[PDB]
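One file, upload.cif, is given below (mmCIF, N, CA and C atoms).
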data_upload
#
loop_
_atom_site.label_atom_id
_atom_site.label_comp_id
_atom_site.auth_asym_id
_atom_site.auth_seq_id
_atom_site.Cartn_x
_atom_site.Cartn_y
_atom_site.Cartn_z
N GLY J 23 -10.33 13.50 28.77
CA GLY J 23 -11.69 13.42 29.28
C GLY J 23 -11.84 12.43 30.42
N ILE J 24 -13.08 12.26 30.87
CA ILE J 24 -13.40 11.40 32.00
C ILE J 24 -13.09 9.93 31.73
N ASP J 25 -13.12 9.54 30.45
CA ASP J 25 -12.96 8.15 30.08
C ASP J 25 -12.10 8.01 28.82
N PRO J 26 -10.79 7.98 29.02
CA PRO J 26 -9.82 7.82 27.93
C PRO J 26 -10.01 6.52 27.15
N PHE J 27 -10.47 5.46 27.79
CA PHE J 27 -10.61 4.19 27.08
C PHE J 27 -11.69 4.30 26.03
N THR J 28 -12.81 4.90 26.40
CA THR J 28 -13.90 5.07 25.45
C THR J 28 -13.54 6.05 24.34
N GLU J 29 -12.82 7.13 24.66
CA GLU J 29 -12.39 8.07 23.63
C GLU J 29 -11.55 7.35 22.58
N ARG J 30 -10.59 6.56 23.04
CA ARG J 30 -9.72 5.83 22.12
C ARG J 30 -10.52 4.81 21.32
N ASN J 31 -11.46 4.14 21.97
CA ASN J 31 -12.27 3.12 21.32
C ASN J 31 -13.12 3.72 20.20
N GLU J 32 -13.72 4.88 20.46
CA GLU J 32 -14.60 5.48 19.46
C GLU J 32 -13.79 5.97 18.26
N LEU J 33 -12.62 6.55 18.51
CA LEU J 33 -11.75 7.00 17.43
C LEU J 33 -11.19 5.82 16.64
N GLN J 34 -10.85 4.75 17.34
CA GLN J 34 -10.36 3.53 16.71
C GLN J 34 -11.43 2.95 15.78
N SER J 35 -12.66 2.84 16.26
CA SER J 35 -13.75 2.30 15.45
C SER J 35 -14.03 3.15 14.21
N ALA J 36 -14.05 4.47 14.38
CA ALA J 36 -14.29 5.38 13.26
C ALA J 36 -13.19 5.23 12.22
N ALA J 37 -11.94 5.23 12.67
CA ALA J 37 -10.83 5.05 11.76
C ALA J 37 -10.94 3.72 11.02
N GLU J 38 -11.37 2.66 11.70
CA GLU J 38 -11.55 1.36 11.08
C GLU J 38 -12.66 1.36 10.02
N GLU J 39 -13.74 2.09 10.28
CA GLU J 39 -14.83 2.17 9.30
C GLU J 39 -14.36 2.89 8.04
N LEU J 40 -13.64 3.99 8.21
CA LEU J 40 -13.13 4.71 7.05
C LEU J 40 -12.12 3.85 6.31
N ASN J 41 -11.23 3.19 7.04
CA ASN J 41 -10.32 2.23 6.43
C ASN J 41 -11.08 1.18 5.63
N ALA J 42 -12.10 0.57 6.22
CA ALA J 42 -12.85 -0.47 5.52
C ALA J 42 -13.47 0.02 4.21
N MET J 43 -14.02 1.23 4.22
CA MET J 43 -14.66 1.77 3.02
C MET J 43 -13.63 2.07 1.94
N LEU J 44 -12.50 2.66 2.32
CA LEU J 44 -11.42 2.93 1.35
C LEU J 44 -10.86 1.62 0.80
N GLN J 45 -10.63 0.63 1.65
CA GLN J 45 -10.11 -0.65 1.19
C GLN J 45 -11.08 -1.32 0.23
N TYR J 46 -12.38 -1.17 0.49
CA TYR J 46 -13.40 -1.74 -0.37
C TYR J 46 -13.36 -1.09 -1.75
N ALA J 47 -13.31 0.24 -1.80
CA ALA J 47 -13.23 0.94 -3.08
C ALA J 47 -12.00 0.50 -3.87
N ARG J 48 -10.85 0.45 -3.20
CA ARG J 48 -9.61 0.02 -3.85
C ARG J 48 -9.70 -1.42 -4.34
N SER J 49 -10.17 -2.32 -3.48
CA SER J 49 -10.22 -3.73 -3.85
C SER J 49 -11.21 -3.97 -4.99
N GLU J 50 -12.29 -3.20 -5.03
CA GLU J 50 -13.24 -3.31 -6.13
C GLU J 50 -12.67 -2.80 -7.44
N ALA J 51 -11.88 -1.73 -7.39
CA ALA J 51 -11.24 -1.21 -8.60
C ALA J 51 -10.30 -2.26 -9.17
N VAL J 52 -9.54 -2.90 -8.30
CA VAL J 52 -8.62 -3.95 -8.71
C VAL J 52 -9.36 -5.18 -9.25
N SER J 53 -10.39 -5.61 -8.54
CA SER J 53 -11.17 -6.78 -8.94
C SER J 53 -11.91 -6.58 -10.26
N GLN J 54 -12.53 -5.42 -10.42
CA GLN J 54 -13.32 -5.12 -11.61
C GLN J 54 -12.48 -4.58 -12.75
N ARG J 55 -11.21 -4.30 -12.47
CA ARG J 55 -10.29 -3.69 -13.43
C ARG J 55 -10.86 -2.41 -14.05
N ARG J 56 -11.39 -1.54 -13.21
CA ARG J 56 -11.93 -0.26 -13.67
C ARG J 56 -11.90 0.75 -12.54
N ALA J 57 -12.11 2.01 -12.87
CA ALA J 57 -12.08 3.09 -11.89
C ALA J 57 -13.30 3.04 -10.98
N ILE J 58 -13.06 2.86 -9.69
CA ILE J 58 -14.11 2.88 -8.69
C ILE J 58 -13.82 4.02 -7.73
N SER J 59 -14.83 4.85 -7.53
CA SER J 59 -14.68 6.03 -6.70
C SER J 59 -15.39 5.91 -5.38
N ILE J 60 -15.00 6.79 -4.47
CA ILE J 60 -15.62 6.91 -3.17
C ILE J 60 -15.81 8.40 -2.90
N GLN J 61 -16.99 8.77 -2.44
CA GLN J 61 -17.39 10.17 -2.34
C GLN J 61 -17.98 10.47 -0.98
N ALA J 62 -17.52 11.56 -0.36
CA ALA J 62 -18.08 12.05 0.89
C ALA J 62 -19.30 12.88 0.58
N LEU J 63 -20.45 12.48 1.11
CA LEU J 63 -21.71 13.10 0.74
C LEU J 63 -21.94 14.48 1.35
N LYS J 64 -21.35 14.73 2.52
CA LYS J 64 -21.68 15.92 3.30
C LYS J 64 -20.43 16.59 3.86
N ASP J 65 -20.29 17.90 3.67
CA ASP J 65 -19.27 18.69 4.37
C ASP J 65 -17.83 18.29 4.04
N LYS J 66 -17.64 17.50 2.99
CA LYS J 66 -16.33 16.90 2.71
C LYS J 66 -15.78 16.18 3.95
N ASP J 67 -16.69 15.66 4.75
CA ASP J 67 -16.38 14.92 5.97
C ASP J 67 -16.68 13.46 5.68
N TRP J 68 -15.63 12.65 5.66
CA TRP J 68 -15.73 11.26 5.25
C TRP J 68 -16.36 10.38 6.32
N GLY J 69 -16.75 10.99 7.44
CA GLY J 69 -17.50 10.30 8.47
C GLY J 69 -18.98 10.61 8.51
N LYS J 70 -19.48 11.36 7.53
CA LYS J 70 -20.88 11.78 7.52
C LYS J 70 -21.69 11.13 6.41
N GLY J 71 -21.13 10.09 5.80
CA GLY J 71 -21.81 9.39 4.72
C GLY J 71 -20.91 9.24 3.50
N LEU J 72 -20.90 8.04 2.93
CA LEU J 72 -20.07 7.75 1.76
C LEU J 72 -20.85 6.96 0.74
N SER J 73 -20.54 7.23 -0.52
CA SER J 73 -21.03 6.44 -1.63
C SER J 73 -19.83 5.90 -2.40
N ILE J 74 -19.92 4.64 -2.81
CA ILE J 74 -18.84 3.99 -3.55
C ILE J 74 -19.38 3.44 -4.86
N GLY J 75 -18.67 3.70 -5.95
CA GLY J 75 -19.11 3.23 -7.25
C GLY J 75 -18.55 4.03 -8.40
N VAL J 76 -19.17 3.87 -9.56
CA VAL J 76 -18.70 4.51 -10.77
C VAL J 76 -19.11 5.97 -10.78
N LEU J 77 -18.12 6.85 -10.85
CA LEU J 77 -18.31 8.29 -10.84
C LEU J 77 -18.47 8.81 -12.26
N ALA J 78 -19.47 9.66 -12.48
CA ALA J 78 -19.66 10.33 -13.76
C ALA J 78 -20.31 11.67 -13.51
N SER J 79 -19.77 12.71 -14.14
CA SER J 79 -20.31 14.07 -14.01
C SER J 79 -20.49 14.49 -12.55
N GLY J 80 -19.54 14.08 -11.71
CA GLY J 80 -19.55 14.46 -10.30
C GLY J 80 -20.42 13.63 -9.37
N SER J 81 -21.11 12.63 -9.91
CA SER J 81 -22.05 11.84 -9.11
C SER J 81 -21.82 10.35 -9.28
N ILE J 82 -22.25 9.58 -8.29
CA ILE J 82 -22.29 8.13 -8.43
C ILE J 82 -23.75 7.70 -8.56
N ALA J 83 -24.17 7.42 -9.79
CA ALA J 83 -25.58 7.19 -10.10
C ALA J 83 -26.12 5.91 -9.47
N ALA J 84 -25.26 4.91 -9.35
CA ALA J 84 -25.68 3.59 -8.91
C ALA J 84 -24.66 3.03 -7.94
N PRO J 85 -24.68 3.51 -6.69
CA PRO J 85 -23.65 3.08 -5.74
C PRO J 85 -23.59 1.56 -5.58
N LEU J 86 -22.37 1.05 -5.53
CA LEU J 86 -22.10 -0.35 -5.22
C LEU J 86 -22.27 -0.60 -3.73
N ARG J 87 -22.04 0.45 -2.94
CA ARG J 87 -22.09 0.37 -1.49
C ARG J 87 -22.21 1.77 -0.92
N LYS J 88 -22.88 1.88 0.22
CA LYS J 88 -22.99 3.14 0.94
C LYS J 88 -22.57 2.96 2.39
N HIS J 89 -22.10 4.04 3.00
CA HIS J 89 -21.80 4.05 4.42
C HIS J 89 -22.61 5.18 5.03
N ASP J 90 -23.24 4.90 6.17
CA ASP J 90 -24.20 5.84 6.77
C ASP J 90 -23.54 6.89 7.66
N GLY J 91 -22.23 6.81 7.84
CA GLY J 91 -21.52 7.71 8.73
C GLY J 91 -21.14 7.10 10.07
N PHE J 92 -20.17 7.71 10.75
CA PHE J 92 -19.74 7.25 12.07
C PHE J 92 -20.90 7.21 13.06
N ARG J 93 -20.81 6.31 14.03
CA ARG J 93 -21.88 6.12 15.00
C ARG J 93 -21.71 7.03 16.20
N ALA J 94 -20.47 7.27 16.60
CA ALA J 94 -20.20 8.15 17.73
C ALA J 94 -20.44 9.60 17.34
N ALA J 95 -20.56 10.47 18.33
CA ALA J 95 -21.13 11.80 18.14
C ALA J 95 -20.24 12.83 17.46
N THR J 96 -19.12 13.12 18.10
CA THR J 96 -18.35 14.34 17.84
C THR J 96 -17.20 14.15 16.85
N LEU J 97 -17.34 13.18 15.96
CA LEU J 97 -16.22 12.78 15.12
C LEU J 97 -16.24 13.44 13.75
N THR J 98 -15.05 13.74 13.24
CA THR J 98 -14.91 14.20 11.87
C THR J 98 -13.77 13.44 11.22
N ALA J 99 -13.87 13.24 9.91
CA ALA J 99 -12.77 12.69 9.13
C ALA J 99 -12.60 13.59 7.91
N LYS J 100 -11.55 14.40 7.92
CA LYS J 100 -11.29 15.38 6.87
C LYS J 100 -9.93 15.11 6.29
N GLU J 101 -9.81 15.29 4.98
CA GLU J 101 -8.53 15.07 4.31
C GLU J 101 -7.73 16.37 4.24
N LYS J 102 -6.41 16.24 4.24
CA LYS J 102 -5.50 17.39 4.24
C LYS J 102 -5.80 18.44 3.17
N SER J 103 -6.15 17.99 1.96
CA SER J 103 -6.45 18.89 0.84
C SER J 103 -7.95 19.10 0.64
N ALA J 104 -8.74 18.64 1.61
CA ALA J 104 -10.20 18.77 1.57
C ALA J 104 -10.85 18.07 0.38
N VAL J 105 -10.31 16.94 -0.06
CA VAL J 105 -10.95 16.21 -1.15
C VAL J 105 -12.33 15.74 -0.74
N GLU J 106 -13.24 15.73 -1.71
CA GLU J 106 -14.62 15.30 -1.55
C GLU J 106 -14.81 13.90 -2.13
N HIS J 107 -13.88 13.48 -2.99
CA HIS J 107 -13.94 12.12 -3.54
C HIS J 107 -12.53 11.64 -3.87
N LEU J 108 -12.38 10.33 -4.02
CA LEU J 108 -11.15 9.70 -4.48
C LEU J 108 -11.52 8.64 -5.50
N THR J 109 -10.65 8.44 -6.48
CA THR J 109 -10.89 7.45 -7.51
C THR J 109 -9.72 6.48 -7.58
N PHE J 110 -9.98 5.22 -7.26
CA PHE J 110 -9.00 4.14 -7.40
C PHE J 110 -9.08 3.53 -8.79
N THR J 111 -7.93 3.11 -9.30
CA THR J 111 -7.83 2.54 -10.64
C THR J 111 -7.44 1.08 -10.57
N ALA J 112 -7.37 0.44 -11.74
CA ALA J 112 -7.20 -1.00 -11.83
C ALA J 112 -5.91 -1.54 -11.19
N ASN J 113 -4.86 -0.72 -11.13
CA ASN J 113 -3.61 -1.17 -10.53
C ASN J 113 -3.48 -0.79 -9.05
N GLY J 114 -4.58 -0.31 -8.47
CA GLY J 114 -4.60 0.02 -7.05
C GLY J 114 -4.24 1.45 -6.73
N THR J 115 -3.71 2.18 -7.71
CA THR J 115 -3.33 3.57 -7.48
C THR J 115 -4.53 4.51 -7.59
N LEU J 116 -4.44 5.64 -6.91
CA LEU J 116 -5.42 6.70 -7.09
C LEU J 116 -5.09 7.49 -8.34
N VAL J 117 -6.12 8.09 -8.94
CA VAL J 117 -5.90 9.09 -9.97
C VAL J 117 -6.47 10.42 -9.48
N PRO J 118 -5.60 11.43 -9.28
CA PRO J 118 -4.14 11.41 -9.39
C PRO J 118 -3.52 10.68 -8.19
N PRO J 119 -2.29 10.17 -8.35
CA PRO J 119 -1.65 9.39 -7.28
C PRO J 119 -0.98 10.29 -6.25
N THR J 120 -1.77 11.21 -5.70
CA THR J 120 -1.30 12.15 -4.71
C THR J 120 -1.45 11.54 -3.32
N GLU J 121 -0.42 11.65 -2.50
CA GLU J 121 -0.52 11.19 -1.11
C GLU J 121 -1.69 11.86 -0.41
N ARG J 122 -2.50 11.06 0.28
CA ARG J 122 -3.65 11.57 1.01
C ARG J 122 -3.47 11.32 2.50
N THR J 123 -3.99 12.24 3.30
CA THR J 123 -3.89 12.16 4.75
C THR J 123 -5.23 12.55 5.33
N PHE J 124 -5.89 11.60 5.99
CA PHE J 124 -7.14 11.86 6.70
C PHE J 124 -6.88 12.02 8.19
N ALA J 125 -7.43 13.09 8.76
CA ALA J 125 -7.40 13.28 10.20
C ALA J 125 -8.75 12.89 10.76
N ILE J 126 -8.76 11.95 11.70
CA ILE J 126 -9.99 11.53 12.36
C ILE J 126 -9.91 12.12 13.76
N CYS J 127 -10.80 13.08 14.05
CA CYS J 127 -10.75 13.81 15.30
C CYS J 127 -12.06 13.73 16.06
N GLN J 128 -11.96 13.93 17.36
CA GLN J 128 -13.13 14.14 18.20
C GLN J 128 -13.18 15.61 18.63
N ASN J 129 -14.36 16.21 18.52
CA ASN J 129 -14.58 17.58 18.99
C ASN J 129 -13.69 18.64 18.34
N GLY J 130 -13.26 18.39 17.11
CA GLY J 130 -12.48 19.35 16.36
C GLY J 130 -11.09 19.62 16.91
N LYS J 131 -10.62 18.74 17.78
CA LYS J 131 -9.30 18.88 18.38
C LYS J 131 -8.46 17.67 18.02
N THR J 132 -7.14 17.85 17.91
CA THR J 132 -6.28 16.76 17.50
C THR J 132 -5.90 15.80 18.64
N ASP J 133 -6.28 16.12 19.89
CA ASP J 133 -5.96 15.26 21.05
C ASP J 133 -6.50 13.86 20.83
N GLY J 134 -5.59 12.88 20.78
CA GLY J 134 -5.99 11.50 20.57
C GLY J 134 -6.46 11.23 19.16
N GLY J 135 -6.31 12.20 18.26
CA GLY J 135 -6.76 12.03 16.90
C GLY J 135 -5.98 10.96 16.16
N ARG J 136 -6.54 10.46 15.07
CA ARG J 136 -5.89 9.39 14.32
C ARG J 136 -5.60 9.85 12.90
N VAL J 137 -4.63 9.21 12.28
CA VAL J 137 -4.23 9.52 10.91
C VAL J 137 -4.39 8.28 10.06
N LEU J 138 -5.10 8.42 8.95
CA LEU J 138 -5.21 7.36 7.96
C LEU J 138 -4.58 7.90 6.69
N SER J 139 -3.57 7.19 6.20
CA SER J 139 -2.79 7.64 5.06
C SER J 139 -3.04 6.81 3.81
N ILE J 140 -2.90 7.44 2.65
CA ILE J 140 -2.89 6.72 1.38
C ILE J 140 -1.61 7.10 0.67
N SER J 141 -0.75 6.11 0.43
CA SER J 141 0.54 6.34 -0.19
C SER J 141 0.42 6.66 -1.68
N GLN J 142 1.53 7.03 -2.30
CA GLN J 142 1.54 7.27 -3.75
C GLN J 142 1.17 6.03 -4.56
N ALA J 143 1.33 4.85 -3.97
CA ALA J 143 0.94 3.61 -4.62
C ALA J 143 -0.54 3.27 -4.40
N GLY J 144 -1.23 4.05 -3.57
CA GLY J 144 -2.65 3.82 -3.33
C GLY J 144 -2.90 2.96 -2.11
N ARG J 145 -1.84 2.55 -1.42
CA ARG J 145 -1.99 1.73 -0.22
C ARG J 145 -2.52 2.53 0.97
N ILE J 146 -3.54 1.99 1.61
CA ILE J 146 -4.25 2.67 2.69
C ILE J 146 -3.79 2.10 4.02
N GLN J 147 -3.37 2.96 4.94
CA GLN J 147 -2.86 2.50 6.23
C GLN J 147 -3.32 3.39 7.38
N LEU J 148 -3.91 2.77 8.39
CA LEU J 148 -4.17 3.45 9.64
C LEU J 148 -2.85 3.55 10.39
N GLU J 149 -2.41 4.78 10.65
CA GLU J 149 -1.16 5.02 11.35
C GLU J 149 -1.31 4.64 12.82
N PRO J 150 -0.20 4.25 13.47
CA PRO J 150 -0.27 3.81 14.87
C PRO J 150 -0.82 4.90 15.77
N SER J 151 -1.33 4.50 16.93
CA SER J 151 -2.00 5.44 17.82
C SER J 151 -1.08 6.55 18.35
N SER J 152 0.23 6.32 18.30
CA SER J 152 1.21 7.33 18.70
C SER J 152 1.25 8.50 17.73
N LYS J 153 0.70 8.32 16.53
CA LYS J 153 0.69 9.37 15.52
C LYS J 153 -0.64 10.11 15.51
N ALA J 154 -0.61 11.38 15.91
CA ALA J 154 -1.79 12.23 15.89
C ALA J 154 -1.71 13.17 14.69
N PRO J 155 -2.87 13.62 14.18
CA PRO J 155 -2.83 14.54 13.03
C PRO J 155 -2.28 15.90 13.41
N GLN J 156 -1.74 16.60 12.42
CA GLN J 156 -1.17 17.92 12.65
C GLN J 156 -2.29 18.93 12.77
N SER J 157 -3.43 18.56 12.21
CA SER J 157 -4.62 19.40 12.17
C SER J 157 -5.80 18.49 11.94
N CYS J 158 -7.00 18.94 12.32
CA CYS J 158 -8.21 18.18 11.99
C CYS J 158 -8.76 18.56 10.62
N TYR J 159 -8.12 19.54 9.98
CA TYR J 159 -8.49 20.00 8.64
C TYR J 159 -9.97 20.34 8.54
#
Will you turn the file into structure tokens for me?
Amino acid sequence: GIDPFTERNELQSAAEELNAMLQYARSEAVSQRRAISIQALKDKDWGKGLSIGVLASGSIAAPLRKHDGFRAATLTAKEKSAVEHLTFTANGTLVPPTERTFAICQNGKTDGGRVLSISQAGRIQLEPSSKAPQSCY
């Protein structure tokens, strides 16, 4: 596009917000020694609103924290398997401990897209900028 610096900046910020919310859910599960979940409110798009807290019957009745969604316009954050929620446990692992891959894209294209990974141990990592997603999912 006309301004590569801004494109990278907006994708970087969005990836950081999603990272921060996932890290918060994980750190709270570890601190509280209980299952703390994070749920995408809309479209299974983790950039359109998040709720964090105790999950029961598919809902978080009393969120510990909410995220209002990415600030920039054309962004999506979708997971490889289209998960709508994740649940961290007391030892930092997800249940189930399945590797997760989020693609953070602008305009539904992978150009300059970012990858945020969750390992089998539950560790959350923003992949370097050289790594683009295989798909925006």
Quick one: apply the PyMOL selection byres ((chain J and resi 148) around 6.5) to the file and drop the selected residues here as a PyMOL selection string. chain J and resi 137-139+146-147+149-150
For residue 61 in chain J, work out the shell of residues within 7 Å, counting only C-alpha atoms and skipping chain neighbours fewer than 5 positions away, then give it as number ranges by chain. J: 72-74, 106-108
Mind giving me the straight-line distance from atom C of residue 31 in chain J to atom N of residue 126 in chain J in Å, one decimal?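 Answer for the atom C of residue 31 in chain J to atom N of residue 126 in chain J separation: 12.6 Å.
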List the spatial neighbours of residue 56 in chain J as a PDB file with N, CA and C atoms, in the coordinates of the input - criterion: any atom at most 5 Å away, all atoms listed in the file, same-chain residues fewer than 3 positions off excluded.
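result_4.pdb, written as the output of this step:
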ATOM      1  N   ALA J  51     -11.880  -1.730  -7.390  1.00  0.00           N
ATOM      2  CA  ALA J  51     -11.240  -1.210  -8.600  1.00  0.00           C
ATOM      3  C   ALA J  51     -10.300  -2.260  -9.170  1.00  0.00           C
ATOM      4  N   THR J 111      -7.930   3.110  -9.300  1.00  0.00           N
ATOM      5  CA  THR J 111      -7.830   2.540 -10.640  1.00  0.00           C
ATOM      6  C   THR J 111      -7.440   1.080 -10.570  1.00  0.00           C
ATOM      7  N   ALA J 112      -7.370   0.440 -11.740  1.00  0.00           N
ATOM      8  CA  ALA J 112      -7.200  -1.000 -11.830  1.00  0.00           C
ATOM      9  C   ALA J 112      -5.910  -1.540 -11.190  1.00  0.00           C
TER      10      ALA J 112
END
List every protein, DNA or RNA residue that has at least one atom no more than 6.5 Å from (-21.8, 12.4, -2.9) in the file's coordinates, counting only N, CA and C atoms, and write the result as a ChimeraX atom specification. /J:61-64,73,81-82
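CA of residue 121 in chain J sits 5.8 Å away from atom N of residue 140 in chain J.
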Evaluating the PyMOL selection byres ((chain J and resi 85-101) around 8) on the displayed file yields which residues, as a ChimeraX atom specification? /J:32-33,35-36,39-40,43,65-76,81-84,102-106,122-130,157-159
I would like the residues chosen by the PyMOL selection byres (((chain J and resi 55 and name CA) around 10) and name CA) on the shown file; could you give them as a list in words?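 Written out, the selection comes to residues 49, 50, 51, 52, 53, 54, 56, 57, 58, 110, 111, 112, 113 and 114 of chain J.
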Kindly list the centre and edge lengths in Å, rounded to one decimal, for the axis-aligned box that covers all listed atoms of range 99-105 of chain J plus 6 Å on each of its six sides, as AutoDock Vina command-line options.
--center_x -9.7 --center_y 15.9 --center_z 4.4 --size_x 20.4 --size_y 18.4 --size_z 23.1
Distance atom C of residue 116 in chain J-CA of residue 144 in chain J, one decimal place?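 Value for the atom C of residue 116 in chain J-CA of residue 144 in chain J distance: 6.7 Å.
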DSSP helix (DSSP H, G or I) residues within range 32-140 of chain J, as a compact mmCIF listing (two decimals) with N, CA and C atoms, in the coordinates of the input:
# COMPACT_ATOMS: atom_id res chain seq x y z
N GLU J 32 -13.72 4.88 20.46
CA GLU J 32 -14.60 5.48 19.46
C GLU J 32 -13.79 5.97 18.26
N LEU J 33 -12.62 6.55 18.51
CA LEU J 33 -11.75 7.00 17.43
C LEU J 33 -11.19 5.82 16.64
N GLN J 34 -10.85 4.75 17.34
CA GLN J 34 -10.36 3.53 16.71
C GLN J 34 -11.43 2.95 15.78
N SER J 35 -12.66 2.84 16.26
CA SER J 35 -13.75 2.30 15.45
C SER J 35 -14.03 3.15 14.21
N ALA J 36 -14.05 4.47 14.38
CA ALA J 36 -14.29 5.38 13.26
C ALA J 36 -13.19 5.23 12.22
N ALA J 37 -11.94 5.23 12.67
CA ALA J 37 -10.83 5.05 11.76
C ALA J 37 -10.94 3.72 11.02
N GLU J 38 -11.37 2.66 11.70
CA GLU J 38 -11.55 1.36 11.08
C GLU J 38 -12.66 1.36 10.02
N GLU J 39 -13.74 2.09 10.28
CA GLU J 39 -14.83 2.17 9.30
C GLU J 39 -14.36 2.89 8.04
N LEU J 40 -13.64 3.99 8.21
CA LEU J 40 -13.13 4.71 7.05
C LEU J 40 -12.12 3.85 6.31
N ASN J 41 -11.23 3.19 7.04
CA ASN J 41 -10.32 2.23 6.43
C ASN J 41 -11.08 1.18 5.63
N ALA J 42 -12.10 0.57 6.22
CA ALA J 42 -12.85 -0.47 5.52
C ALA J 42 -13.47 0.02 4.21
N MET J 43 -14.02 1.23 4.22
CA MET J 43 -14.66 1.77 3.02
C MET J 43 -13.63 2.07 1.94
N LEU J 44 -12.50 2.66 2.32
CA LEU J 44 -11.42 2.93 1.35
C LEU J 44 -10.86 1.62 0.80
N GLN J 45 -10.63 0.63 1.65
CA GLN J 45 -10.11 -0.65 1.19
C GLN J 45 -11.08 -1.32 0.23
N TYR J 46 -12.38 -1.17 0.49
CA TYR J 46 -13.40 -1.74 -0.37
C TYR J 46 -13.36 -1.09 -1.75
N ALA J 47 -13.31 0.24 -1.80
CA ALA J 47 -13.23 0.94 -3.08
C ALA J 47 -12.00 0.50 -3.87
N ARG J 48 -10.85 0.45 -3.20
CA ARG J 48 -9.61 0.02 -3.85
C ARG J 48 -9.70 -1.42 -4.34
N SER J 49 -10.17 -2.32 -3.48
CA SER J 49 -10.22 -3.73 -3.85
C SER J 49 -11.21 -3.97 -4.99
N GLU J 50 -12.29 -3.20 -5.03
CA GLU J 50 -13.24 -3.31 -6.13
C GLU J 50 -12.67 -2.80 -7.44
N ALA J 51 -11.88 -1.73 -7.39
CA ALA J 51 -11.24 -1.21 -8.60
C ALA J 51 -10.30 -2.26 -9.17
N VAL J 52 -9.54 -2.90 -8.30
CA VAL J 52 -8.62 -3.95 -8.71
C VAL J 52 -9.36 -5.18 -9.25
N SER J 53 -10.39 -5.61 -8.54
CA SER J 53 -11.17 -6.78 -8.94
C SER J 53 -11.91 -6.58 -10.26
N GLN J 54 -12.53 -5.42 -10.42
CA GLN J 54 -13.32 -5.12 -11.61
C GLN J 54 -12.48 -4.58 -12.75
Could you pull range 28-41 of chain J out of the structure I just pasted and write it to a file containing N, CA and C atoms, as an mmCIF file, in the first residue's frame?
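Below is the file out-v3.cif, written as the result:
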data_model
loop_
_atom_site.group_PDB
_atom_site.id
_atom_site.type_symbol
_atom_site.label_atom_id
_atom_site.label_comp_id
_atom_site.auth_asym_id
_atom_site.auth_seq_id
_atom_site.Cartn_x
_atom_site.Cartn_y
_atom_site.Cartn_z
ATOM 1 N N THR J 28 2.766 2.430 8.290
ATOM 2 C CA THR J 28 1.507 2.406 9.013
ATOM 3 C C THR J 28 0.846 1.033 8.972
ATOM 4 N N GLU J 29 0.917 0.345 7.831
ATOM 5 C CA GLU J 29 0.364 -1.003 7.746
ATOM 6 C C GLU J 29 1.008 -1.910 8.785
ATOM 7 N N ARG J 30 2.335 -1.864 8.857
ATOM 8 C CA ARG J 30 3.060 -2.701 9.807
ATOM 9 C C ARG J 30 2.727 -2.301 11.234
ATOM 10 N N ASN J 31 2.616 -1.002 11.480
ATOM 11 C CA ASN J 31 2.322 -0.495 12.814
ATOM 12 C C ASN J 31 0.951 -0.962 13.295
ATOM 13 N N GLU J 32 -0.045 -0.908 12.423
ATOM 14 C CA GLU J 32 -1.397 -1.283 12.823
ATOM 15 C C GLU J 32 -1.486 -2.780 13.100
ATOM 16 N N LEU J 33 -0.821 -3.585 12.273
ATOM 17 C CA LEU J 33 -0.796 -5.030 12.483
ATOM 18 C C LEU J 33 -0.011 -5.396 13.737
ATOM 19 N N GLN J 34 1.078 -4.686 13.982
ATOM 20 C CA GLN J 34 1.888 -4.885 15.181
ATOM 21 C C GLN J 34 1.062 -4.588 16.433
ATOM 22 N N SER J 35 0.358 -3.463 16.445
ATOM 23 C CA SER J 35 -0.458 -3.092 17.595
ATOM 24 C C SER J 35 -1.578 -4.101 17.862
ATOM 25 N N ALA J 36 -2.252 -4.538 16.802
ATOM 26 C CA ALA J 36 -3.335 -5.510 16.936
ATOM 27 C C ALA J 36 -2.795 -6.817 17.499
ATOM 28 N N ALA J 37 -1.686 -7.292 16.949
ATOM 29 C CA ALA J 37 -1.070 -8.509 17.451
ATOM 30 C C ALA J 37 -0.697 -8.355 18.926
ATOM 31 N N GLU J 38 -0.196 -7.192 19.319
ATOM 32 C CA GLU J 38 0.153 -6.934 20.711
ATOM 33 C C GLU J 38 -1.069 -6.942 21.634
ATOM 34 N N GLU J 39 -2.194 -6.412 21.169
ATOM 35 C CA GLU J 39 -3.414 -6.418 21.973
ATOM 36 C C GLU J 39 -3.904 -7.841 22.196
ATOM 37 N N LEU J 40 -3.896 -8.652 21.143
ATOM 38 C CA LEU J 40 -4.322 -10.040 21.281
ATOM 39 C C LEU J 40 -3.350 -10.787 22.190
ATOM 40 N N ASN J 41 -2.056 -10.579 21.993
ATOM 41 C CA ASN J 41 -1.058 -11.125 22.902
ATOM 42 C C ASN J 41 -1.348 -10.739 24.348
#
